[PDB]
Each structure stands twice: as C-alpha cells, then as structure tokens.
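Scroll down for the structure; my scribbles are underneath it.
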Amino acid sequence: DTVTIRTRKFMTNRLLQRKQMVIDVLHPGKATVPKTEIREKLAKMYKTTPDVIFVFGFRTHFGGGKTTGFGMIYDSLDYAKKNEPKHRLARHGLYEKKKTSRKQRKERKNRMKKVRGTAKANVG
Amino acid sequence: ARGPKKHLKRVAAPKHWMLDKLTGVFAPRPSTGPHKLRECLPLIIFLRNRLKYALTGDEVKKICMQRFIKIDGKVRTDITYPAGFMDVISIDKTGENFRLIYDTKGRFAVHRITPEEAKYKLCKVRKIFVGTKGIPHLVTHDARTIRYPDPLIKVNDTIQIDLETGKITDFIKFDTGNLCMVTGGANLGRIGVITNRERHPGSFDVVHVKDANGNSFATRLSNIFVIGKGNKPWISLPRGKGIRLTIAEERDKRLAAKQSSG
Amino acid sequence: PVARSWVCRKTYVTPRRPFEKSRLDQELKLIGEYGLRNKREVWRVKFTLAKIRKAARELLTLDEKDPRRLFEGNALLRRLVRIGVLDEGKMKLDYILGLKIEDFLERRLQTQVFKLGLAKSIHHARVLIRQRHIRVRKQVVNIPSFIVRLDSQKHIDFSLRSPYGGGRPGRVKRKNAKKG
Amino acid sequence: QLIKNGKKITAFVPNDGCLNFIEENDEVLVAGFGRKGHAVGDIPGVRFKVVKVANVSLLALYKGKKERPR
Amino acid sequence: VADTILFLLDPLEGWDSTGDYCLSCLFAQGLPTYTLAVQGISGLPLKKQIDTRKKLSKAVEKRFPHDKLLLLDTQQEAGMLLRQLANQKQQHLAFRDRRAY
RNA sequence: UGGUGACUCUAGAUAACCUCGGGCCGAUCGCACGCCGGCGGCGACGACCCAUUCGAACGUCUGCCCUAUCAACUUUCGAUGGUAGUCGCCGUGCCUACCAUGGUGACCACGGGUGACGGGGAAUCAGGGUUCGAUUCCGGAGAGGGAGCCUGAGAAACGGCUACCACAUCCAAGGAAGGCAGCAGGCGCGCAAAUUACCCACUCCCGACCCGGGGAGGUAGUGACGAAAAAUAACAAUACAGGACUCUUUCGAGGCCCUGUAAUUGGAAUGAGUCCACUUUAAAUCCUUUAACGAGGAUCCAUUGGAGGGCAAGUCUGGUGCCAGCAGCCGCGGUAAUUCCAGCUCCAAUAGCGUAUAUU
RNA sequence: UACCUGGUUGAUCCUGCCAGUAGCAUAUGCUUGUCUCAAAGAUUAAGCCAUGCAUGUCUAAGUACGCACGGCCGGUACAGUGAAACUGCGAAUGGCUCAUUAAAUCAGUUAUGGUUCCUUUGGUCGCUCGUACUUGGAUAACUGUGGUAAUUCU
C-alpha cells in the first residue's frame, strides 16, 4: 500500500553464505514498521522463504518519513543457525538460553572450588 | 611491566588502520609474525573494516575458522595474524586475490590482482650470512630465510619468489635509475626512480627519488623497496600510480569528478 | 578507560564590561528585529563571526602566493558564499573582514520563514518552526537557528503532515467539531 | 572552634534575625568574608562569615524555607 | 530515649500532615541519628518505580536535603538496612548525655 | 667463503674437551584409505640451534621547580681511575685483592625543601608570557612498612610463598587464617565525590579453544562538574495612542495604511505530561515514530541578585531611629533614610543566578 | 575588543596600592519543564575494611574400565556423550593509585660491534660410522578406614 521497502547496499557474502543489505522503509504516517512485515516484504522481493531473512538495527529518522536498518538473507536455515548470533535466533524463536543470573553461576563456581573430587558435582 | 604486553588501546593503534574512537576501548593487537606491529594489517581489520565481509569480530572468526583465507599461499586461522607489505591474500570461495601495497596517503590499499599475478611476490632482502658448512643464507623483510641464493644478490636488493615453493625466481639490484616504493616515513606510498644514495658511515644512507611528474623526495635507505627494473614495475600498481597530488589538485579532482557525474 | 570522547566547545563569549548602555541597546535591537530568545544567541552569532574574522586576518598576513593561504582562503570564501553571507563576485578576504553580524542573523531558518511569507511575524515564525510546521525539502526542522544554504532557500516547504500544510486537522479543531 | 585543626576563629553571623538560629555547641559551616583573608570594612579582627548552621543554610532559615533540627 | 529513628515514607507522597506535625515536634525536641526508608516501591511498574523514586527524593529534599533513602521490600533489603543502622555515625543529644536515664 | 665505516664478525682447518644436578640426533596423537609383507598423503604435538616478531635491560647527547639563614663536597664502611679475577644474561667498582690520589664545585657542586610521578597536554592569551597537568594515552613506581625467595621465557609477583614490625579475624586456649591504592559497598576523614544493579550482545584478552571465562569492558541507576540544542505562547477582530500618505494656510477630515497597548472577545496550533503499539537492546530503559486523552488566570503561575556612585535600574509609600542593620570600596542609618525591614515599581542574566576560595 | 572605573586634598596634578571588572576550577546556597553528550572518594587519611564478585581453560588430534548416560551384536581391546583427576598453558596482561622519586623518572636522539627471550613466521630437524612390530617404576581420579573445634588440612 503506502508503506514501501528498498534495499540500498547489496552484497553477496559467500564466506558466511548470505546476502547482506541496508533496508530503507518508507511509512509517511504510520508507526515504525514491525520487523515481521519487513521480513515478509523482503521475502516477496527476493523470492525466498521468510524464515531465512534476519533484520535488525532499525532507526526512524526525525519527522518520521524513513527508517533505516540492516538485513541478511541466508541460503538455508542451516547456514542461518550456524552463522547467526544466538540472540537473533532467539528473537525468531529458534534458540533458547538457560534462565540463570551471573551471581548464581559465579557463587556456585566459587563454592565448588572449595571441594575437590566428584563431590564438586554435589554442589547445588 | 613484568612481562610482555597483550593489549592494544584503540587510540594507540597505528593511524593507517583508520580505527575510530568510539567503537571500543581496545584495538585488535596484531599477534607476533613476519611483519612489525606498527607496519602490518591484521586479518580482522582487513576482513571487517575494509572489505566489509563481516560486521563483528566473531563473524571474522567464523570466516577464518572455515579455512577460507589464505595468506602467502598458506591457510591462516588467526584473526589477528599480521599481514604486511607485498603479502598476497587469496579467498578461493569468492575468487578474489589482493596484494597489500600502500596507498599514496600512507595506508594499506584494497588492491585486487589477477590470479596468475598471485603466484609470486617481491621481498627486500635484509641480510646475508654464511651459515654452517659454508652455506649462504638470505633473510628478507618478512622473516623468510632461504638457503643457497644467487651469489650476485646482496643486501637491499629485491627477490621475486614463487609462493608455492618459496624459491627465488628473479632479482633486482639496488642501482641508480631503478623503480622503488617508499615504505616508511613521510613519503610513504610514493613510487619513483632512484637517483641517489648518500652514504653516511655510522649513520643512515639517503636515497633521493624522482617521481614520474618530476617531483623529488629523499628517504632513509631502510624505507626503500625496489619494485621494478629501471622503469616498469614487476607488480601491479594501485588506482593511484604512486604520484602524490597536492591538496589543491586533489580538490580540483574532487570538483571535476562531482561535475562530470552529478 | 572508556569508549567515550570529551571534545566540547563553548559557542559564545560573555562580554568584558557587563553594563554598557550602547551595547545593551544594540543587542536588544538585534533581539527585537530578529526574534531571538535572549542575549546568548547574539553572543553565539558574534562568536562565529569573530572566529571567521580571526581566521581571515591570520591568513591575510601570509604571502599572496602561499599554498596554505590559497587553500584555506578559498575554503573559507566558499563556505561563506555557500550560506549566502558573501556574494559570488566578492570572493576575497577583505570582503570577509567587512562582514557584519546581521548578515549571519539574516540566514536563520526563523528569519527565512518570516521572509518567504509562511508566517505573519518573526515570533510567529519561531513558534511555527518549533511546532514542527516547517520542513526543508524532505525533513521537518525544529531548530530556528538552522542556517539556510543557497540550495535550501527555494526548498523551505511547509510540512505535508501538518494542518497548516497537508491537511489533517489539529487537536483543537477536531475537539471543536465534536461539540456540534 | 574549628573541627579539623582545633583553631578558634570568630565568624560573622549577619543579624539578630539569624543569631537566634545559632545556639551554643552547634556545628556551623563557615566561609571567608570576601577580601581573601582581609577584615570586614567596619568590624575588626573577623575574616569569616557563617554560611550554614546545623547543616542547613542561613538563607533558607532567614527566608523561612526550612527549619533546623536540634 | 531512642538511639536511631527509622522514618518510614510513602512512595507517592512524602508524608501526611500528621507526619509533618510529628516531624516538627521531633526537629524541635532534638533528632538523634535517623534513617529514611520507603515501603511501597515494589508495587509500581519499573518505569514508574524509577520516576517515583526521583519524585520522592525531590519531595523529601526540602526537609532532609542530603539523605539516602533505602527500600523495605525483601529480607535482603532488611539486612542491608540493619547493617546501615549498625555502622553509622551517632548524633549526640546534649541533654540526655549528662543525666542518667 | 661472505660482511661492515670499523671484529677478537661469519664461514674454514688442526689438537683435544664435552659436566649423571647430563645437549640435539621423535619409544606421541588424529583423518582418509590406497598402490606393488613392503611403500605411502594430509595434519596435530614436541624439538638443540639460527633468523624474525613482541619487547625487556643497561648505556650516549641535551633538557627540571624553590632555597646560600646550605660554600665547599666525596674517600676505612668505593669516593675517581688502573691491573687480575669473582659474580652477572651481558658492558661496568657490581664486588674482591693490589696500586695511583684522584672525582665535583659561584657555568651554584653538596645539603635541605616541594602543598613534586614525568610527558602528550589544559586554562588564559594583541605580541611576550603566567598558572596548572592526582585523572582514561605513553613511560615509571607501589600493593599496610621493610626484607628474602619459589616456579617460570618473563616477577624480587603480593586476588603466590617465608619471616620481622604495626594492625586485625576465628578458638573447645591446643591451634588456624589475613591484606578492597580491583568492582560495588561500609567506617573514618573531611568543604569535597555515585549502585553491595544487568550482561559478555559490542571492543578486545586469555586457554587444549569457532563452543569456556572476563566487576577488563559494555548497559542501565545517582549526577545543575562541565558542554550543545531549546518551551513557558502566537494570531485575528474590536477599543484607544502614535508615525507616515491625500485634501486643507491651519484647526481638521480620512472603512488611508503601518506599528503598538489591553481590567475586551474569539477559535486556531502545539508541546509538557498520562498512556496502546512498533522500534531500540543480550533483555530492557531513554531518544526517534505513531494511535487515544491532554491549554485562556493557556493556576500547565521562572528564578537569582540588585535600584546613591563604581554599575543598568526609585530622591515612591509604610516601619525603625548611629538602634536593628546594610555596605567587596567610598559610604548610609543619631525623627524629612534615593542605601536598613517590607509593599509597589524598575534593572541585569535567564533554567539558571548568587557566595567562598585557588588561579589567569 | 591591544578597554578601564571608584577611593587620600578645601581644590589641582601625581607615585602608589586597595576595591570594582571578565574568564577558569573546587565547594556551597536558592531555583530547576524538555532533549543530546558527559566528569565523578584525587586534594584531607598510600587511613581501616563486613559481605559478594573480579582467572581460568578441550579439540578429530596427551591420559576415559565414573553404566554418570548410552545404539549395538552379541567373544569383536577402546562405538559415542562426558563429571572427576593427572598432564599442558595462562595467571608477569588487564584494572587501581600517585606514597616515593630533583640528572632520578621522563621526552626527543642514538647504541647493543655488550645481552636475554614463551609465542608467531621461516630455515634446520638419515650431515654423527657407533625389545625396536614398542622398554621400566609409580601416582592421582575411583573403592574403603579415619583424625581435628576449625581450613581450598589431609
């Protein structure tokens, strides 16, 4: 409709098996576009399945006519799971991390170094 | 200090890396290698900052650990391996070859070379010594030592070596009237012809170099790399041909390029 | 050790003698016919003019064939001609020394919005700038001290997202229409 | 009497408006009087003026903006 | 007779008028070592938590100008409050120091 | 043989030596498996020596503030030099043995001081200067004070060890343990300085390492140190007051304009805030983008210092009467206070403005 | 912006200082709506420290008889994942602070032809004329018995 998408600095990174580009999103009177709709429009643009497009770093200009971000389109989902940061895969729901703070891990590590042997595994 | 240092502050880094101020506190700190810390480009900076093949250091680590980058014909998996002057970088997946030679402003330039030009390199010879059983040995500017060099080769000459075997294919002597590139000091990046050498015993010799446009500049003897036999180089030169334009002429070139296209 | 920078400048200078009748009248007059908020804006513009004068009189002492005099003089002259404070035919350093603070105060965005008929007064122009009713060819500008170039003069359009501009009515008109 | 070195000085509190805010054995913050170590233009032997009493200022007590704890 | 006074505070307002009357009487009689603690910072959303902590410090600063507020929500905040109460310089009241009580 | 500017350099030849507290000459591990029991191609880990890299350490020349109420200093117990050695990674009084009597000084030695880590640099700046640099970059030093070590390539290491001195912890009284000038935090000291928060996503570092770790570092919190941008109104009609223009000698007349001032009306526009969503991000917050609500006393109320002169702005009014006080200085106050305390008005800067001190 | 003003005398002219004036840093007082950056227990005490954290580390490639789990196929030495522990490396970098220090440190300039070096990179690694189709003894981890009020003790 009235929200449009262009890709500026295209580059075919064969070393990490992807295509990387700068994304300019035009939405004259709407909010900042959610990354899901940008992903579907990029999938329609480049004739790919939409779960291999990873977009990030969108900053909307003052006044609100344009937003600029970065994106990459991988060859498959396997190269995506190999070459992407964990947090972006968790943004897409493909990765999950343990729910533990640094304090618990650090105090646990300092606790089990007062103990020598298999009893190290008995510290909870 | 109590031992060797392992960190490099970002503002203490060499200026020809062109690292900015606000990205981090630290600079990549080139590991020990054939090239000096102040006179090298690490693989992380070349792959990330220059070629833009990567955005972060972990991405450069992924590229390196897939065994894609080759330096001087050998695979390097160190992100901070010091690549220096005349070094050939081969990326076989993208089919690219580069030779790290200086831009006229004094910085390493992204210079693409033909694949058959990537089979050799030039090395300025640092010292010659007769080792045991009377065997002559040759040490070049990138820590390459060669047994049995040609007897006519002396110090401050240049050898062209094949990268597959590491043997001397040819050599160029340090004579008046030969082509050279300046590899240090203020005139760094300039390509000219040798006109003089002012011998000061107990001190540094002086090579006066004349440019293709008629401009003369002196350097120390250690700052000269002979790259050509008389007038033609044995390598491929960058977009600039070694001529340093004054800031007025560079301004005029900028205005003319803006006027013709735009 | 941080990844922070601490480069910053003061952009004005307070006067040496605080209470001067002629000076107070001059700055109050400049505030009057230029719609300025306070004295600090006069001091800011005077500081930039003083910097340009200092650069010009430092360059003028060099020999007229000096490469640095040529390069920096041409750069300063082109920067002054670009924003419309010097004419295209008056490119010499003496004409830089002859400049006045009214020439720089004329080139503000508030003054230009007043001049091009988008506003009824200079204070209306300031209020109109600050309320996001004005753009410069694509970009809404909030800053009344936006110095307008010569290629931005014919491009001060009038903010197609505003009730005064493109046509969506404002808050007060929308609430008043709902009363009936 | 100053806390940090035990030296006794004479500080100037402005008026009976403010003097009645100082009782005996209160902790007062004292400044110089203004002439960099020189005396007041009328009263001799004093170079200091009281700025705070009971960790609250004399100006906020004179103007009624605050009260001092005892 | 007390050695420390723990003043409890509202997260939203500073104090009631009853609290202001009590504070006037306590200031006039003489304050020993005091510590300020806020009770209800956990119920609010976090953006409102930070903003209301700012507003509460602004409101209280006209009577306690340089005093750090604490929080009383959990047992570990209680432990930090108790440790703060133990190690703190003691304001000395001149009247009760001379007579026995 | 080869090199240098110069070797007692490198290389060569001879005669030997070659340390058990011992010098190299591979009893190591993975992946594809294949050719004529045999041959094998990729790597990993070591490995005496040489070169290289990162340096380190000792030297050369020149360059430092105040002080003569510091004018002579050093020399058994090394001060200056010579010979041989010891020790050292190496040059060397580094040390030892034997000799010489030297070495420094009004061109300021020696001694003392410093509110002295040095430098890049910072403030001010006509020109010349003066003051500062604990502090993120480089170098040095130290881990409560000294001293001695182990391991290691590298430490006289202190988030290593052993003593003594000063502190201080636990105790069943026999014993054991310690070092926040790391990050938070506390006490004390003071005029004087932040959270016992989140994370390795960025910058890089380390390790056997694409995978682990990092209070280095990043992100939030406090933060009027300081620097930048920038609201607190704008417009229209009406009513008075001026200035221009036309006709008038003039007074006067102008739906003749322009500009102000409102105890006068009017709807138009927006942020401050409240609060969906998106974006941001490691996850957030903030900013930016957008719905909804959100202004006439637009109470959604701008302060801090002043009004005799210097120095801009009152000889107004009420109170006090050399008192209370103000006042950087000159001065005001003793019954008509331009200066004290207030009301009103005015002035200067403005989200800032006074005061103390250091310094230009 | 190469700048002055007030104060001694009855009055004038002056030497001369004090006071004013503008910046910069620390503290402080009153006030404070928005937003971008941003210093921050240095001065006094290189004073003293509760508690928590700040240095650890595994690849196909040193050592795997912990069923701690685990597909086989069923004599296949060890399939594979892997705690522990031995071994190797790092812990000498970073961070903090400015007490000492007055030709000392440090800056520029030179020298190592007077020295040392983990690592990286390159060379060298049948150059020696003299049980090997594989050598020996232990010690952790594991199992079991314990001592002390207490320890990262053993």
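Following the order of the structure tokens, chains are lettered A, B, ..., residues in each are numbered from 1, and ligands are numbered from 1.
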
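All residues of protein, DNA or RNA that reach within 10 Å of residue 25 of chain D, judged by only C-alpha atoms (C1' of nucleotides) and not counting those fewer than 6 positions away in the chain, are residues 1 and 54 of chain D; 94 of chain E.
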
TODO: Pick out the residues sitting within 9 Å of segment 94-108 of chain A, and hand them over as a PyMOL selection string; count only C-alpha atoms (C1' of nucleotides), and ignore anything fewer than 3 positions along from it in its own chain.
DONE: (chain A and resi 81+86-91+111-113+123-124) or (chain F and resi 198-199) or (chain G and resi 52-53)

Please dump the current selection as a PDB file, in the first residue's frame; keep N, CA and C atoms (P, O5', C5', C4', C3', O3' and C1' of nucleotides).
```pdb
ATOM      1  N   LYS A  81      21.290 -20.945  11.201  1.00  0.00           N
ATOM      2  CA  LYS A  81      21.558 -21.437  12.547  1.00  0.00           C
ATOM      3  C   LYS A  81      23.047 -21.564  12.832  1.00  0.00           C
ATOM      4  N   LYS A  86      23.217 -15.793  18.661  1.00  0.00           N
ATOM      5  CA  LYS A  86      22.194 -16.541  19.385  1.00  0.00           C
ATOM      6  C   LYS A  86      20.970 -15.683  19.671  1.00  0.00           C
ATOM      7  N   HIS A  87      21.176 -14.393  19.951  1.00  0.00           N
ATOM      8  CA  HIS A  87      20.064 -13.537  20.347  1.00  0.00           C
ATOM      9  C   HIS A  87      19.105 -13.275  19.195  1.00  0.00           C
ATOM     10  N   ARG A  88      19.599 -13.225  17.958  1.00  0.00           N
ATOM     11  CA  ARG A  88      18.693 -13.054  16.826  1.00  0.00           C
ATOM     12  C   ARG A  88      17.903 -14.328  16.552  1.00  0.00           C
ATOM     13  N   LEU A  89      18.530 -15.489  16.747  1.00  0.00           N
ATOM     14  CA  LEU A  89      17.807 -16.748  16.623  1.00  0.00           C
ATOM     15  C   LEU A  89      16.745 -16.881  17.708  1.00  0.00           C
ATOM     16  N   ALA A  90      17.030 -16.368  18.906  1.00  0.00           N
ATOM     17  CA  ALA A  90      16.027 -16.346  19.964  1.00  0.00           C
ATOM     18  C   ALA A  90      14.935 -15.326  19.680  1.00  0.00           C
ATOM     19  N   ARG A  91      15.274 -14.236  18.986  1.00  0.00           N
ATOM     20  CA  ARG A  91      14.258 -13.299  18.515  1.00  0.00           C
ATOM     21  C   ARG A  91      13.307 -13.974  17.539  1.00  0.00           C
ATOM     22  N   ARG A 111      31.925 -21.745  45.088  1.00  0.00           N
ATOM     23  CA  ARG A 111      31.599 -22.734  46.107  1.00  0.00           C
ATOM     24  C   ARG A 111      32.221 -24.091  45.808  1.00  0.00           C
ATOM     25  N   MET A 112      32.185 -24.542  44.553  1.00  0.00           N
ATOM     26  CA  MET A 112      32.677 -25.890  44.287  1.00  0.00           C
ATOM     27  C   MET A 112      34.183 -25.949  44.080  1.00  0.00           C
ATOM     28  N   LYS A 113      34.890 -24.829  44.177  1.00  0.00           N
ATOM     29  CA  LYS A 113      36.345 -24.857  44.189  1.00  0.00           C
ATOM     30  C   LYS A 113      36.908 -24.919  45.598  1.00  0.00           C
ATOM     31  N   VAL A 123      27.371 -29.899  44.528  1.00  0.00           N
ATOM     32  CA  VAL A 123      27.083 -28.535  44.954  1.00  0.00           C
ATOM     33  C   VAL A 123      25.919 -28.010  44.122  1.00  0.00           C
ATOM     34  N   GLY A 124      24.845 -27.613  44.797  1.00  0.00           N
ATOM     35  CA  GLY A 124      23.681 -27.063  44.132  1.00  0.00           C
ATOM     36  C   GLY A 124      23.469 -25.594  44.438  1.00  0.00           C
TER      37      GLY A 124
ATOM     38  P     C F 198      22.581  -8.138  39.334  1.00  0.00           P
ATOM     39  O5'   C F 198      22.329  -7.855  37.789  1.00  0.00           O
ATOM     40  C5'   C F 198      21.044  -8.035  37.215  1.00  0.00           C
ATOM     41  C4'   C F 198      21.064  -7.775  35.732  1.00  0.00           C
ATOM     42  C3'   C F 198      22.076  -8.577  34.933  1.00  0.00           C
ATOM     43  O3'   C F 198      21.645  -9.888  34.631  1.00  0.00           O
ATOM     44  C1'   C F 198      22.221  -6.311  34.312  1.00  0.00           C
ATOM     45  P     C F 199      22.711 -11.084  34.551  1.00  0.00           P
ATOM     46  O5'   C F 199      23.502 -10.808  33.199  1.00  0.00           O
ATOM     47  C5'   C F 199      22.839 -10.850  31.947  1.00  0.00           C
ATOM     48  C4'   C F 199      23.706 -10.322  30.832  1.00  0.00           C
ATOM     49  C3'   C F 199      24.997 -11.070  30.570  1.00  0.00           C
ATOM     50  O3'   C F 199      24.798 -12.263  29.841  1.00  0.00           O
ATOM     51  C1'   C F 199      25.399  -8.741  30.509  1.00  0.00           C
TER      52        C F 199
ATOM     53  P     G G  52      31.540 -13.706  51.490  1.00  0.00           P
ATOM     54  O5'   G G  52      31.051 -13.390  50.011  1.00  0.00           O
ATOM     55  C5'   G G  52      29.748 -13.746  49.586  1.00  0.00           C
ATOM     56  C4'   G G  52      29.347 -12.982  48.354  1.00  0.00           C
ATOM     57  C3'   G G  52      30.287 -13.080  47.169  1.00  0.00           C
ATOM     58  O3'   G G  52      30.154 -14.291  46.445  1.00  0.00           O
ATOM     59  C1'   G G  52      29.676 -10.831  47.489  1.00  0.00           C
ATOM     60  P     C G  53      31.460 -15.080  45.943  1.00  0.00           P
ATOM     61  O5'   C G  53      31.911 -14.287  44.640  1.00  0.00           O
ATOM     62  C5'   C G  53      31.144 -14.352  43.451  1.00  0.00           C
ATOM     63  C4'   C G  53      31.340 -13.131  42.586  1.00  0.00           C
ATOM     64  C3'   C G  53      32.685 -12.990  41.895  1.00  0.00           C
ATOM     65  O3'   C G  53      32.849 -13.805  40.749  1.00  0.00           O
ATOM     66  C1'   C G  53      32.120 -10.938  42.876  1.00  0.00           C
TER      67        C G  53
END
```

TODO: Considering only C-alpha atoms (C1' of nucleotides), extract the chain E residues located within 9 Å of chain F and return them as a PyMOL selection string.
DONE: chain E and resi 47+50+80+83-84+87-89

Could the residues in this selection be saved with N, CA, C and O atoms as a compact mmCIF listing (two decimals), in the first residue's frame?
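The new file part_8.txt reads:
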```
# COMPACT_ATOMS: atom_id res chain seq x y z
N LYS E 47 9.24 1.48 35.23
CA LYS E 47 9.39 2.85 34.75
C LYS E 47 8.85 3.85 35.76
O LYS E 47 9.52 4.82 36.13
N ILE E 50 11.27 4.00 38.93
CA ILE E 50 12.39 4.93 38.84
C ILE E 50 11.90 6.38 38.89
O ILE E 50 12.46 7.21 39.62
N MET E 80 20.38 -5.23 54.67
CA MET E 80 21.18 -4.05 54.36
C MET E 80 20.78 -2.86 55.22
O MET E 80 21.64 -2.08 55.64
N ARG E 83 22.34 -3.47 58.67
CA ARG E 83 23.77 -3.18 58.62
C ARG E 83 24.04 -1.68 58.56
O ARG E 83 24.98 -1.19 59.18
N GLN E 84 23.21 -0.95 57.80
CA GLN E 84 23.34 0.51 57.75
C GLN E 84 23.07 1.14 59.11
O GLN E 84 23.74 2.10 59.50
N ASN E 87 26.34 0.41 61.59
CA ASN E 87 27.52 1.23 61.31
C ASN E 87 27.03 2.56 60.76
O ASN E 87 26.71 2.68 59.57
N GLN E 88 26.97 3.56 61.63
CA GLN E 88 26.53 4.90 61.26
C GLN E 88 26.95 5.85 62.37
O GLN E 88 26.88 5.49 63.54
N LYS E 89 27.41 7.04 61.99
CA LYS E 89 27.89 7.98 62.99
C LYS E 89 26.72 8.48 63.83
O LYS E 89 25.61 8.69 63.33
```

Open item on the list: With only C-alpha atoms (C1' of nucleotides) as the counted atoms, please give the residues lying no more than 10 Å from residue 76 of chain B, apart from itself and same-chain residues fewer than 6 positions off, as an MDAnalysis selection string.
Closed with: chainID B and resid 43 64:65 67:70

For the residues in that selection, give me N, CA, C and O atoms as a tab-separated table (two decimals), in the first residue's frame.
```
chain	number	residue	atom	x	y	z
B	43	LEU	N	44.27	-9.51	10.05
B	43	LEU	CA	43.24	-10.10	9.20
B	43	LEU	C	41.85	-9.62	9.59
B	43	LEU	O	40.97	-9.50	8.72
B	64	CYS	N	37.44	-17.08	9.25
B	64	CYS	CA	38.79	-17.63	9.38
B	64	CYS	C	38.76	-19.12	9.69
B	64	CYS	O	39.53	-19.89	9.11
B	65	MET	N	37.87	-19.55	10.59
B	65	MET	CA	37.83	-20.94	11.01
B	65	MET	C	37.10	-21.84	10.03
B	65	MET	O	37.09	-23.06	10.23
B	67	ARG	N	38.42	-21.94	7.20
B	67	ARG	CA	39.63	-22.16	6.39
B	67	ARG	C	39.46	-21.64	4.97
B	67	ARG	O	39.73	-22.35	3.99
B	68	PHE	N	39.02	-20.39	4.85
B	68	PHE	CA	38.84	-19.76	3.55
B	68	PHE	C	39.95	-18.79	3.20
B	68	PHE	O	40.31	-18.69	2.02
B	69	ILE	N	40.49	-18.07	4.17
B	69	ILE	CA	41.52	-17.07	3.92
B	69	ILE	C	42.87	-17.76	3.79
B	69	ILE	O	43.24	-18.59	4.63
B	70	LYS	N	43.62	-17.42	2.74
B	70	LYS	CA	44.98	-17.89	2.55
B	70	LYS	C	45.90	-16.68	2.48
B	70	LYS	O	45.63	-15.75	1.72
```

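Residue nearest chain F within the list A:36, A:83, A:110, A:60: A:60 [criterion: smallest interatomic distance, only C-alpha atoms (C1' of nucleotides)].
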
TODO: Residues of chain F no more than 9 Å from chain C, counting only C-alpha atoms (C1' of nucleotides): send them over as a list in words.
DONE: residues 136, 203, 217, 227, 228, 229, 230, 231, 233, 234, 235, 267, 268, 269, 270, 271, 311, 312, 348, 349 and 350 of chain F

Task: chain G residues near chain A (10 Å cut-off, only C-alpha atoms (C1' of nucleotides)) as a PyMOL selection string - done: chain G and resi 52-53+66+83-85+141-142+151-152

Those same residues - C-alpha atoms (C1' of nucleotides) - I'd like them written as a PDB file, in the first residue's frame.
```
ATOM      1  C1'   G G  52      29.676 -10.831  47.489  1.00  0.00           C
ATOM      2  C1'   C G  53      32.120 -10.938  42.876  1.00  0.00           C
ATOM      3  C1'   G G  66      32.806 -42.985  36.960  1.00  0.00           C
ATOM      4  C1'   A G  83      31.722 -35.234  35.509  1.00  0.00           C
ATOM      5  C1'   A G  84      36.348 -36.039  38.087  1.00  0.00           C
ATOM      6  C1'   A G  85      41.570 -36.198  38.095  1.00  0.00           C
ATOM      7  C1'   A G 141      40.805 -39.756  39.648  1.00  0.00           C
ATOM      8  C1'   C G 142      37.836 -44.467  41.773  1.00  0.00           C
ATOM      9  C1'   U G 151      40.729 -24.512  56.796  1.00  0.00           C
ATOM     10  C1'   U G 152      40.764 -24.770  49.333  1.00  0.00           C
TER      11        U G 152
END
```

TODO: Check segment 63-260 of chain B with DSSP on the backbone and list each residue it calls alpha helix (DSSP H), as a list in words.
DONE: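 DSSP-assigned alpha helix (DSSP H) residues in segment 63-260 of chain B: residues 63, 64, 65, 247, 248, 249, 250, 251, 252, 253, 254, 255, 256, 257, 258, 259 and 260 of chain B.
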
Output for the residues just chosen: N, CA and C atoms as a short mmCIF file (atom, residue, chain, number, x, y, z; two decimals), in the first residue's frame:
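Okay, again_36.cif is ready:
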```
data_model
loop_
_atom_site.label_atom_id
_atom_site.label_comp_id
_atom_site.auth_asym_id
_atom_site.auth_seq_id
_atom_site.Cartn_x
_atom_site.Cartn_y
_atom_site.Cartn_z
N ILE B 63 34.65 -16.77 9.52
CA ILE B 63 35.26 -16.79 8.19
C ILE B 63 36.64 -17.44 8.24
N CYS B 64 37.44 -17.08 9.25
CA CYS B 64 38.79 -17.63 9.38
C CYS B 64 38.76 -19.12 9.69
N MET B 65 37.87 -19.55 10.59
CA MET B 65 37.83 -20.94 11.01
C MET B 65 37.10 -21.84 10.03
N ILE B 247 47.03 19.11 -2.12
CA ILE B 247 45.64 19.22 -1.67
C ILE B 247 44.82 20.10 -2.61
N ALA B 248 45.46 21.06 -3.28
CA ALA B 248 44.75 21.86 -4.27
C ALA B 248 44.36 21.03 -5.48
N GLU B 249 45.28 20.21 -5.98
CA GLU B 249 44.97 19.35 -7.12
C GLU B 249 43.97 18.26 -6.76
N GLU B 250 44.04 17.76 -5.53
CA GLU B 250 43.04 16.80 -5.07
C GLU B 250 41.66 17.44 -4.97
N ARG B 251 41.60 18.69 -4.51
CA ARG B 251 40.35 19.44 -4.51
C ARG B 251 39.81 19.63 -5.92
N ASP B 252 40.69 19.95 -6.87
CA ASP B 252 40.27 20.12 -8.25
C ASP B 252 39.76 18.81 -8.84
N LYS B 253 40.42 17.69 -8.52
CA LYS B 253 39.95 16.39 -8.97
C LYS B 253 38.59 16.04 -8.37
N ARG B 254 38.40 16.36 -7.09
CA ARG B 254 37.11 16.13 -6.45
C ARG B 254 36.00 16.94 -7.11
N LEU B 255 36.27 18.22 -7.40
CA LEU B 255 35.27 19.07 -8.03
C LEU B 255 34.97 18.62 -9.45
N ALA B 256 36.00 18.20 -10.20
CA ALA B 256 35.78 17.71 -11.56
C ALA B 256 35.00 16.40 -11.57
N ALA B 257 35.28 15.51 -10.62
CA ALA B 257 34.54 14.25 -10.54
C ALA B 257 33.09 14.49 -10.13
N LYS B 258 32.85 15.46 -9.26
CA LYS B 258 31.48 15.82 -8.92
C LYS B 258 30.77 16.47 -10.10
N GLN B 259 31.50 17.25 -10.90
CA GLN B 259 30.90 17.95 -12.02
C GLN B 259 30.55 17.00 -13.16
N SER B 260 31.40 16.02 -13.44
CA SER B 260 31.15 15.13 -14.57
C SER B 260 30.03 14.14 -14.27
#
```

- [ ] Quick one: everything within 9 Å of residue 82 of chain C, counting only C-alpha atoms (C1' of nucleotides), minus sequence neighbours fewer than 5 positions away in the same chain. Send it as number ranges by chain.
- [x] C: 77, 88, 149-151

Task: Interface list for chain F, partner chain A, 6 Å threshold, only C-alpha atoms (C1' of nucleotides), as a count of residues only - done: 5
